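Colleague: My questions all concern the structure below.
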Amino acid sequence: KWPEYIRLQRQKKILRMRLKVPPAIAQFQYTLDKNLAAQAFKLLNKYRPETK
Amino acid sequence: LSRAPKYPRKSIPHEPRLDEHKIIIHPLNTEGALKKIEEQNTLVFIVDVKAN
Amino acid sequence: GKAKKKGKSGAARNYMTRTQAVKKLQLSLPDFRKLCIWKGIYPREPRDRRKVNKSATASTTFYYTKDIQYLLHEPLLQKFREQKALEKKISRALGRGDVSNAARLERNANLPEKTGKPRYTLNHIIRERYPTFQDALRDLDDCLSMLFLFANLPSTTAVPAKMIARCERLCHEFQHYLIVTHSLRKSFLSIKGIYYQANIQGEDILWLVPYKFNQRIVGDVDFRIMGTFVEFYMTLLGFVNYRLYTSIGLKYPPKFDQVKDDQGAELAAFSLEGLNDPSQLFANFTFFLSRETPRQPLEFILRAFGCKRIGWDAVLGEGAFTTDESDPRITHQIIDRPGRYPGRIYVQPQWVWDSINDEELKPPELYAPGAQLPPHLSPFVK
Amino acid sequence: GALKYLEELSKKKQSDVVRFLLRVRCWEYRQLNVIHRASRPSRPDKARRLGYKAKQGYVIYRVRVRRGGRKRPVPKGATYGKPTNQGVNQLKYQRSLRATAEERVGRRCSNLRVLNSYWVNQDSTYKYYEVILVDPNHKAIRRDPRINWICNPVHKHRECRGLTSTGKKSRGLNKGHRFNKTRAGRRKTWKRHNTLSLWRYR
Amino acid sequence: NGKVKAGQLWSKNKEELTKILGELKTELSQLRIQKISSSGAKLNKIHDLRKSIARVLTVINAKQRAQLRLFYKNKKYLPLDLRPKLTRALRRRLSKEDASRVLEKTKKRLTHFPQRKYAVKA
RNA sequence: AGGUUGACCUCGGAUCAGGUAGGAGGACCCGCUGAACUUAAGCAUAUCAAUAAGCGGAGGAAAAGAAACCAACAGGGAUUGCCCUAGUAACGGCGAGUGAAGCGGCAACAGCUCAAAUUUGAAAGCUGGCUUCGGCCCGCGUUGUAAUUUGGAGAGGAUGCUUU
RNA sequence: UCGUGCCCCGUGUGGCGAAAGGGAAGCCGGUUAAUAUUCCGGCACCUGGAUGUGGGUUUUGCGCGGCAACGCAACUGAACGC
């Protein structure tokens, strides 16, 4: 018997899988893979904004 | 965590409300008390109603 | 009036188990044991342990409820919590990749590996535990034995190398105080180590120092709580050294030469400066210590009993009065090997201990090299 | 700015993406409590145009209210005076469910001041609103001249007096001929019209 | 006897004031004991002792509060009894500087176009 | 070490640090809810009355307030109040009755702030803690805190003088 | 000791509500102008706590006897259950 917030977040994830999702939201499930994400962050880590 | 306040809510601790001069008001000077003095080695006083 | 209930008074209220004390203080077990050792909370034994806790066994440790109440107001609890929060911030910075923020937050942690000092300051605890300098001098036996033992161990996670170096430096400062005040009285060579007895302000101080060899750390001891004892004892000995140097009117801490310590000066790396009779037994002699002889006890004893010109081999360290063995100014030579320069007295090391124990110069013919030594008697047992 | 795109997207409430988001958010808000704190506004462009800022002292509280008409609380739902020709099922509350939600949120957080509120979702049983509240005791609020008017004591419980947007809408505070009875206050105007003025030299 | 002037008490410090309060309470007790058994000038002396106790307690409290105000002169948070009373609405009122804060645009407009002093010819 | 080490999001705990609300009063004020006696021959429209009673919320005033206004003119120009408009327009079983507003004269006058823009050659903004009162930290915040703009305009240019 | 954790358990939920219900324990004699199972004298009991002495048990470690019903001044007993 899980707490209500845990049950709510799990059933919210389950409901978003159960329902039909329009393409404008469903296109976010396809992301960069590990290698391309690592190379992108390798480039972008040289260009972090200036600190205090 | 226990309380670690940045200021005391009451600046001065209160003087004790019931000291000995407030507990003992005056002895009783009636016939019953003035008999009990020699009959029972008992002294009778009028004291504060809150004192135990 | 109203009837009392069972177990609400007496030993049940008086005593508390270790689990209940830990839960009451809301500490971890290492922090609780460290705080108990630092604050002098000692285990207690009730007459009937079932009256305190029905599940207690023979290995159950009981403490005083009032002792835990006094521990509740120790300011080191907030220091523990702040250090834990700071470590969480350091972990967050390292996980986010901010190395500059991680280093800046790490420099506030006051790590023993980079300071040489304990992680948590015990200065307020020192005054609470020792109200009087006489009590400090009376616990100096345990303090000096502890720190002289941990002056010669390899670095561990509990006691880092810089902390061990600070132990050795504090011991050297105390030895320098004893040398300049001529407070050393007796010394003894046992099968376990070297016993030293001195007299400071009318208090007899006896401690044991191991022979300089590879000391074995076994698993039968609790080395981490021993390190907590080490932190408390260096915190005590620092203030003891400061008070003694101020009482004899010398500046504390003494000037310490890192180059000479690097070259191996040991006791010779310190230079004592002013602020702003058995003690002269070896005053007119010149000594030469060979390499097979125990340099630190021989130098300490000779300099405490009045010797001012002690030289040794170059491998024994920097700071010798002379290094060449063929120096004609040398009067006595300490050798322990199984070609003798004339006008020089060659004796074995036991001559020095016997002479300082009897406060007179022994006949050198009984202490000749290769001869059978006289028995070494205990100076403490009459 | 993205908030323009959010505005034109929120205008199209019957598109597939907005209907899907409204359905899943309706399920989530129905599973949550009747009044609960929202960590951030679900409609940032609407909150920003209504006056919300990402500043300490601004909070968002989400609330659901039962929709429909109002029933008079008489026993057995029957009136025993002169006949009214209608039932209690067709009585209408003169204020909005938005105003009722604002009052309930204010009673939940009585230490704050209700700035405004906005519709987020609805179903057959409930209407869902998000209410912006400002802390009058926060130093960041009190130091800002654009918002420290709400720290004055005259703005205590604007939602209980009808000083919010839905309150002004219900009170009919608009200029023109269509709002003759209510533009300056209905009962005040009635008293002004029904008072009798007698001067000294009449 | 039993009449202690406040001018003498304002020069004393804490412990002798506590002492004198001790004796004043003492002969308050014993002159109550002789009050219940006899009459005379004791009935005025008990009133004098009561007023002396009130004066001593007042002086002790005033000096303690003055010392506490001196201690809390330079701190951010004060005890609630040492804080100014005013009224609840006055305490919840906006401060003068927060009420006098203006925006940068308003500051520029007031800087360059303030209310001028002028006269009109007749 | 990767079954590990963490970053976020959401939801909780604490006699945590600092605050805030309740109740009274309620003549006047802002809303909600809401009669009947009475007057209509009686009486379910109506009148009393969008009143009394009941409920919630402020202040020395409250409220309203700088037009999605009035007008139809040679155009007036935020709100409020008085006089007038005017017992007029208009509404009303079987009629008892009900009933404004524009203009006009006066009292008093006062104007403004955001969202919708990229500062992007530098979050320039702010709460809290400690202070040696110089500042330094923990943070909030880019899902947007400062400067600028609000339709009366403004943004970009050109131009030459004025203002603090 | 990878020292900053791990293990066990389920039953829920607080308060008020009886001077006649349930309930730990006081009797006698005397005594006052007026109180008394409350005062005085004698003789007791109950509840809770700490810790002694005597006695008991134990080298067959946590008693002995009676066929039995059971007896005797003692005579270990946590969690969890009946």
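Letters for chains follow the order of the structure tokens (A, B, ...), residue numbers begin at 1 for each chain, and ligand numbers begin at 1 in the order shown.
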When the cut-off is 9 Å and we count only C-alpha atoms (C1' of nucleotides), which residues of chain E are near chain F, given as a PyMOL selection string?

Modeller: chain E and resi 104+111-113

Colleague: With 10 Å as the limit and counting only C-alpha atoms (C1' of nucleotides), what residues in chain C lie close to chain G? Please list them as a list in words.

Modeller: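 Residues of chain C within 10 Å of chain G, counting only C-alpha atoms (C1' of nucleotides): residues 1, 2, 3, 4, 5, 6, 7, 8, 9, 10, 11, 27, 28, 29, 30, 31, 47, 50, 53, 54, 55, 56, 84 and 224 of chain C.
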
Colleague: Using only C-alpha atoms (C1' of nucleotides), which residue out of F:106, F:94, F:123, F:86 lies closest to chain A?

Modeller: F:123

Colleague: With 10 Å as the limit and counting only C-alpha atoms (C1' of nucleotides), what residues in chain G lie close to chain B? Please list them as a ChimeraX atom specification.

Modeller: /G:32,39-40

Colleague: Only C-alpha atoms (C1' of nucleotides), please: the residues just picked out, written as a PDB file, in the first residue's frame.

Modeller:
```pdb
ATOM      1  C1'   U G  32     -14.612  19.800  70.628  1.00  0.00           C
ATOM      2  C1'   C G  39      -7.669  15.130  65.332  1.00  0.00           C
ATOM      3  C1'   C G  40      -4.886  12.302  69.704  1.00  0.00           C
TER       4        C G  40
END
```

Colleague: Could you list, as a PyMOL selection string, every residue within 12 Å of range 66-75 of chain G, counting only C-alpha atoms (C1' of nucleotides) and ignoring same-chain residues fewer than 6 positions away?

Modeller: chain G and resi 55-58

Colleague: Might you pull out every residue within 12 Å of residue 19 in chain A, with only C-alpha atoms (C1' of nucleotides) counted and same-chain residues fewer than 6 positions away left off, and present them as a PyMOL selection string?

Modeller: (chain A and resi 11-13+26) or (chain D and resi 19-21+23-24)

Colleague: Interatomic distance between CA of residue 20 in chain E and CA of residue 3 in chain E?

Modeller: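 Rounded to one decimal, the two atoms are 11.8 Å apart.
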
Colleague: Find the residues of chain E in contact range of chain D, meaning any atom within 9 Å when counting only C-alpha atoms, and list them as an mmCIF file with N, CA and C atoms, in the first residue's frame.

Modeller:
```cif
data_model
loop_
_atom_site.group_PDB
_atom_site.id
_atom_site.type_symbol
_atom_site.label_atom_id
_atom_site.label_comp_id
_atom_site.auth_asym_id
_atom_site.auth_seq_id
_atom_site.Cartn_x
_atom_site.Cartn_y
_atom_site.Cartn_z
ATOM 1 N N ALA E 89 -1.720 47.574 14.396
ATOM 2 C CA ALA E 89 -1.744 48.124 13.045
ATOM 3 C C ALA E 89 -0.499 48.954 12.756
ATOM 4 N N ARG E 92 2.248 46.518 12.078
ATOM 5 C CA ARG E 92 2.100 45.892 10.770
ATOM 6 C C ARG E 92 2.140 46.892 9.622
ATOM 7 N N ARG E 93 2.236 48.188 9.916
ATOM 8 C CA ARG E 93 2.328 49.200 8.873
ATOM 9 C C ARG E 93 3.660 49.091 8.136
ATOM 10 N N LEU E 94 3.651 49.453 6.852
ATOM 11 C CA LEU E 94 4.877 49.510 6.066
ATOM 12 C C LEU E 94 5.840 50.538 6.645
ATOM 13 N N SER E 95 7.134 50.246 6.538
ATOM 14 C CA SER E 95 8.146 51.168 7.026
ATOM 15 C C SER E 95 8.216 52.404 6.133
ATOM 16 N N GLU E 97 10.833 53.922 4.650
ATOM 17 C CA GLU E 97 11.639 53.821 3.438
ATOM 18 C C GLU E 97 10.960 52.945 2.388
ATOM 19 N N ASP E 98 10.315 51.855 2.819
ATOM 20 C CA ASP E 98 9.559 51.021 1.886
ATOM 21 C C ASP E 98 8.365 51.768 1.310
ATOM 22 N N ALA E 99 7.718 52.612 2.115
ATOM 23 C CA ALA E 99 6.633 53.433 1.599
ATOM 24 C C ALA E 99 7.134 54.525 0.662
ATOM 25 N N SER E 100 8.360 55.005 0.858
ATOM 26 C CA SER E 100 8.914 56.062 0.022
ATOM 27 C C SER E 100 9.717 55.549 -1.167
ATOM 28 N N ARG E 101 9.846 54.231 -1.337
ATOM 29 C CA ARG E 101 10.474 53.693 -2.541
ATOM 30 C C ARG E 101 9.653 54.022 -3.781
ATOM 31 N N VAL E 102 10.345 54.430 -4.844
ATOM 32 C CA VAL E 102 9.728 54.706 -6.133
ATOM 33 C C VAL E 102 10.472 53.917 -7.201
ATOM 34 N N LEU E 103 9.831 53.780 -8.357
ATOM 35 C CA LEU E 103 10.444 53.104 -9.488
ATOM 36 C C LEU E 103 11.499 53.996 -10.131
#
```
